[PDB]
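Visitor: Here you go, one structure.
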């Protein structure tokens, strides 16, 4: 019962990974495919440890552990893209960890990810994160008020909104979140009467 | 009747632990799984001492004993994460216990946890706990009033609230609680007319 | 008919104790379990003296005897926790008993508890009892007025109350009572119109 | 079951491509044909890796990867036209990459496109992009207000609009988008009361 | 082998049994067809069983709703009756809604009534609401209460945060174990 | 092999079963034709099964809608009744609409009523709306709430952003695994 | 081989099946003639199937339209009823029109009602409109929304661009693949 | 060999088939006489077929026209009903006219209604018109729109060029090729 044949006809929707922990992993790109694969494991059978991977769920799982063991660590989001070598965005300006400490950190992350062979920790500039957030926001001709504070920035959008600008606002926000994540830049859409 | 086969199809939802007291423990990550396992023990059978573990229930059990034998001890929350070696957050600034006294304390905690091999007591800085509480709170653009007092801090949120900011407020509070616990930082959401 | 098999499937809900008076005791942690065990003794059978133990009922039984033979004794609450060696909280500041007198006192308490092997009498500081009562009370952002008087302190809570603060108030009070007892600190919640 | 015979009667609607990854690709020029081909793959059969190509979907797939590995890269749109050698429009004025760096970039793009033999990266002048946007817009006799900002330009169209000018406006915008893409020039049609 | 209750309907039978089991008493449910259900117990428990039937007012009465006393079968109607009927339905509908919220196991809703404001030439009074709720054990009740209150606030023409009261708690330790038989 | 429930309709039967499975209890659905459905459970689980029937108020009651108490079969009608009937339909229609939005699994809608404004010589009051919603797990609820609110705002004669309340969440971890049989 | 649903009409049967397939569950549609349709599933999936029936409120209810509560069969009529009937028809007719626009797969339309303006000696209120729409995936929604809004603006006596709300999106990834059978 | 739809009328049957073919699905139309038409599909396509039936709200509903709710069979009539009946006919007649213009394949027309101007002692409101149109592909839509607008302007008592809205487009690439059978 080869797992590849157990999964749907369009086998290219899933990336099967062979974890060093003897668990065969199923990387899915969407929660509909996540559920699909989970139903396969519960419905059919495969005599071997197995577990479905979901980019957001894994990002969260890691962030939980990470907060406990490395509290106050300033970071953005893990980009899984190529399962084998996920990229860890780390705040360049807020973290003062030494190279050796960063080595250790990546090793702990490798422990958290049975499939990943290595972790590419890289430092990102907080300014460029904020710059992109605001630039795109004003490109869309949206009204807003920026809130700089220690440790982050919030973009407040208030007042009555036109259905067109509402659509535009959400599209922008979702994309920003998908890329950078919501740990530094926080958006605040508030539909109110004037 | 191996317990692993007695528990659900997705065996990875539970972590079976072998306590030194001859009791086989079932660590569950959610009250739905807690109940699942309890029903297994009552429905089926297994000729051996057994007991289902729940992170919050154990945190509470310990805190009860701990208050009786170590009254006035200033602490936060036990992070079970890796069953074998749970982490005990202790107030760095409020406690003045000696290293030897802390050794004894960890030994008593080991007695309270039949499965745990050792206890990692570590000291946390009260300031950073409070700092994170307020920082995230204001990042969410929430209105509040801080109440510093000897032994703790309370964040009061009053007035009429927009459904959007209500949602945001709760999400933040739940996460803070999950991490640090509610022994130092207390939140007070009060939905009132203006 | 071994008592352990006579009691419920989850035998870990009860602690069977072998009293020196030839009575087999059943320690229960909750009145539902207290009743459970009592029904077992009345429904089934066991050819031997037996008696169900309840932490609060025993605390009360002792306090009755204690008031008659040691009137004016200033004390808080007996912590049964580990049946064998219950802890007796005694007012450090109000009692002036000699070490020898305290020895005798513990011996009388041992007589009152057929199962207990010894009694750990310890002296508590009245100030810390009061301090905790007020500290937690104000941490919860509750309105109150303290009433210090010779022999005790009362915390008066009047006025109209928000359903949220009502819940918080009770939770706090119940916990304080459970730990210290209501012999020194008295709470007085009075829901009234303004 | 030659794929050419599996696809519709008018075989000239599709361009079958032989990827170096052993996947036979089906290039479609329209989402109706995209779906057609996908239904063929799911309905019928072909013993070989296969995947339907869609110009917009591929443009998006690439842009995702590209943003992660080359963040802040200023570019416009990939013109697939002749599958074998797609053209990559790159901002001439905003990018300062060296020739060698551009070589590497094209190589990464080749990796992203299994069928493409090479990638023709070329630099476009931001001024001419903006010039065409405005020129056509005013040629159509449409009212607007230009918004130059760092990194882009937005064309705001407000007020009540005549059904005729509404039609004209959309036709223009769709064509501009199709050619240059919406990464530099953003249009903002807002039908409002005066 | 003693007869405890007879002629019970399905709901009543299951409710009584639940209580007896909770207090460590085994009970038999006997289906007598058109004659309803009967509950019997072991003679050793019978005394205790009787005690608990008394204690908990068993078997349960049918649930009382206001509309049950102002039926549409009447040949005539009155403003008083019609307004009452409407409010009855509204309370029921609000209960149906609260029980779908995350973590809610059970909930009850009350709304104040107005039987003679307009009748006396007077303007209507402010609406008062109250509700009870039971949550899944371990749930953060102290915060959840604000959703209920906000929801109800805009669920009716004219209420406010001082005239809406919510009292709530959470379920007890589930009785997942059988009582067991008598020793003999 | 114990009888738990009898005479259930199709909806009720499936709902009760869902709950039992969620709590690790296998259940049989028996089709007795005109007599309805019956639910039976293994004796080892029976005690727990009863407990949960109590806990979740099972079997479920039929859904309450306002129009059910002001039927068109009446020989006569009144302004009061007719206006109520209309509002009932409107709430239903709004629920039908919200459940078609992307990511919405379930939604409920309430609208305030007006039973005697004009009756008392008074002008009508502002309309209040409230709604509940369940989303597909992982969905960005904090932003989606604004679509609901905007949609409802222009879906009725006179409402505003302060008199529309939306409370929402997302589904739980799907129960995709069978409970399993008892050990024996 | 488990029975899930029985007595379904044609629409309901096909809708439920669509959902089950979407979640990787095979389902059989059985034609029992006058008794309707029945849906059965493989025992391995049955648990999950039940879960989803609950989750999606299945089987679907019939669509609610305002005119259904003010039928022409009545011996008498009232201005209130007649005006309501008209508006109901108008909403339906507008939905029929929007669904013929290029790229639109589905659309729903709501119009505000007026039940007692003239009744109270008052002038009529401005008309509010709202609509939902689903487009073919890949379509330029941000511009298409202006056609809908313009069309509706002159489709009724007195509306404006601030009292017309449009919320829309596009279809998901089409389920073009069969779920597959269980392994055994 | 799966049953998809049954009991279809002629129009519905042909419409559903058109959609399935457009999405590369072969379909059989079976004439069962008095029982209507049935649509069946190949098992390989069945999953996709179901998906599309859902997506496009199939089978189609009957077209809604205002006069259908104010029939001449009524024993009595009212000014309100009669005026509505007239307008309904007028919209239909205008649609019949636009569809005869050169290059027009399909067109729909709406006219605003007046239900209570005179009723309230008020003068009538200006008439609003809106229309949809589909043209032969390649046609110069940007100019053709002016004929429609001019025609409609003098087709009614009191309209103007600001209260007439026309939204239009052209047909898609004709599906002139058969879907084809499954490979087996």
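Visitor: Suppose you put the label 7 Å out from Cα in the Cβ direction; list, shortest first and in nm with one decimal, how far residue C:10 is from each other copy's label.
Guide: Relative to the other copies, residue C:10 has label-point distances of 2.4, 4.8, 7.1 nm.
Visitor: Closest to the C-onto-D rotation axis, which residue of chain C has its Cβ, and how many Å off the axis is it?
Guide: Here the value is C:193, 68.
Visitor: So, one more: Would you look at the GNM of chain C, springs on alpha carbons closer than 10 Å, and say which of C:29, C:15, C:171 moves the most?
Guide: Checking each option, the largest mean-square fluctuation is seen for C:171.
Visitor: For residue B:148 and residue C:145, FRET efficiency with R0 = 22 Å and r from the beta-carbon atoms, rounded to 0.05?
Guide: Efficiency computed from Cβ-Cβ geometry: 0.50.
Visitor: Continuing with this model, one more query. In peptide E:91-100, how many Cβ atoms from other protein chains are near each Cβ within 10 Å, on average?
Guide: Partner-chain Cβ atoms within 10 Å, mean over residues of E:91-100: 5.
Visitor: I'd like the antiparallel share, as a percent to the nearest 5, of DSSP beta bridges with both residues in the protein assembly as shown.
Guide: Percent antiparallel among DSSP bridges in the protein assembly as shown is about 55.
Visitor: Also, quick follow-up: Kindly provide the helix-only [θ] at 222 nm of chain E, computed as the sum of -39,500 (n - 2.57) over DSSP H runs of four or more divided by all residues, to the nearest 500 deg cm²/dmol?
Guide: -10500 deg cm²/dmol, from helical runs alone.
Visitor: Given all pairs of different Cα atoms, what value in angstroms does the Kirkwood hydrodynamic radius of the stretch C:95-194 take?
Guide: Over the stretch C:95-194, the inverse of the mean reciprocal pair distance is 15.9 Å.
Visitor: Would you kindly work out, in nm and rounded to one decimal, the distances from the label point of residue B:103 to those of the same position in each other copy, ordered shortest first, with label points 7 Å along Cα-to-Cβ?
Guide: 3.3, 3.3, 6.5
Visitor: Against the longest principal axis of chain G, how steep is helix G:141-153, in degrees 0 to 90 to the nearest 10, with axes from Cα atoms?
Guide: Around 40 degrees separate the two axes.
Visitor: Let me ask you something else. Quick check on chain E: of the DSSP beta bridges with both residues there, what percent are antiparallel, nearest 5%?
Guide: 70 percent
Visitor: Once you keep just the Cα pairs under 8 angstrom separated by 6 or more residues, what percentage relative contact order results for chain D?
Guide: 15 percent
Visitor: Which whole-percent values make up P(r) of the protein assembly as shown when all C-alpha to C-alpha distances are grouped in 20 Å steps starting at zero?
Guide: 7, 30, 37, 20, 5, 0
Visitor: Another question, if that's okay. Compute the separation of the alpha-carbon centres of the stretch H:150-179 and the stretch G:1-32 and state it in Å as a whole number.
Guide: The distance from the Cα centre of the stretch H:150-179 to that of the stretch G:1-32 comes to 41 Å.
Visitor: With a 10 Å cut-off between alpha carbons and a GNM built on chain C, which of C:105, C:142, C:24 moves the most?
Guide: C:142
Visitor: If r is the Cβ-Cβ distance from residue G:2 to residue F:183 and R0 is 22 Å, what FRET efficiency results, to the nearest 0.05?
Guide: The formula returns an efficiency of 0.40 here.
Visitor: Can I ask one more? Output the 0 to 90 degree angle, nearest 10, between the alpha-carbon long axis of helix F:10-22 and the longest principal axis computed from the alpha carbons of chain F.
Guide: The two axes meet at around 60 degrees.
Visitor: Find how many whole Å separate the alpha carbon centroid of the stretch B:57-105 from the alpha carbon centroid of the stretch C:1-65.
Guide: Spelled out, the Cα-based centre of one part sits 32 Å from the other.
Visitor: Which of rounded, prolate, oblate describes the stretch B:1-95, given a ≥ b ≥ c as roots of the alpha-carbon gyration tensor eigenvalues and a/c under 1.5 marking rounded, otherwise prolate only if a/b is larger than b/c?
Guide: It is prolate, given that a/c is not under 1.5 and a/b is the larger ratio.
Visitor: May I ask for the Kirkwood hydrodynamic radius of the stretch H:131-184, worked out over all distinct Cα pairs and given in angstroms to one decimal?
Guide: About 14.0 Å, per the Kirkwood formula over Cα pairs.
Visitor: Apply the a/c threshold of 1.5 to the C-alpha gyration tensor of chain A and tell me whether it is rounded, prolate or oblate.
Guide: Here chain A falls in the oblate category.
Visitor: By how many degrees, 0 to 90 and rounded to 10, does the Cα axis of helix A:55-69 deviate from the longest principal axis of chain A?
Guide: 80 degrees
Visitor: Output, in nm with one decimal and in ascending order, the distances from the residue F:162 label point to the matching label points of the other copies (7 Å from Cα along Cα-to-Cβ).
Guide: 1.7, 1.7, 3.4
Visitor: Is there a simple number for the mean count of other chain Cβ atoms within 10 Å of the Cβ of residues in D:68-80, and what is it?
Guide: 2
Visitor: Averaged over peptide D:33-46, how many Cβ atoms belonging to another chain are found within 10 Å of each residue's Cβ?
Guide: Other-chain Cβ atoms within 10 Å of each residue's Cβ, averaged: 6.
Visitor: If you don't mind, there's one more thing I want to ask. In chain B, what percentage of the DSSP-assigned beta bridges are antiparallel, given to the nearest 5?
Guide: The antiparallel fraction comes to roughly 45 percent.
Visitor: With a 10 Å cut-off between alpha carbons and a GNM built on chain C, which of C:122, C:68, C:34 moves the most?
Guide: Of the options given, C:68 has the highest mean-square fluctuation.
Visitor: Could you give the nm distance between label points at residue F:68 and residue D:5, where each point is 7 Å from its Cα heading toward the beta carbon?
Guide: Going by the 7 Å Cα→Cβ label model, 6.3 nm.
Visitor: Cα centroids of the stretch E:83-100 and the stretch B:164-194: how far apart, whole angstrom?
Guide: 31 Å
Visitor: Let me ask something else. Rounded if a/c is under 1.5, else prolate if a/b is larger than b/c, else oblate: which is the stretch H:1-111, with a ≥ b ≥ c the root eigenvalues of its Cα gyration tensor?
Guide: Judged from the Cα gyration tensor, the stretch H:1-111 comes out prolate (a/c at least 1.5, a/b above b/c).
Visitor: Could you work out the helix-only [θ] at 222 nm for chain C, with each DSSP H run of four or more residues adding -39,500 (n - 2.57) and the total divided by the number of residues, to the nearest 500 deg cm²/dmol?
Guide: Only helices count here, giving -12500 deg cm²/dmol.
Here, each number is a calculation from the coordinates, and none is a lab measurement. So basically every Cβ, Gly included, is an ideal-geometry build from the backbone, and we count neighbours across all protein chains shown.
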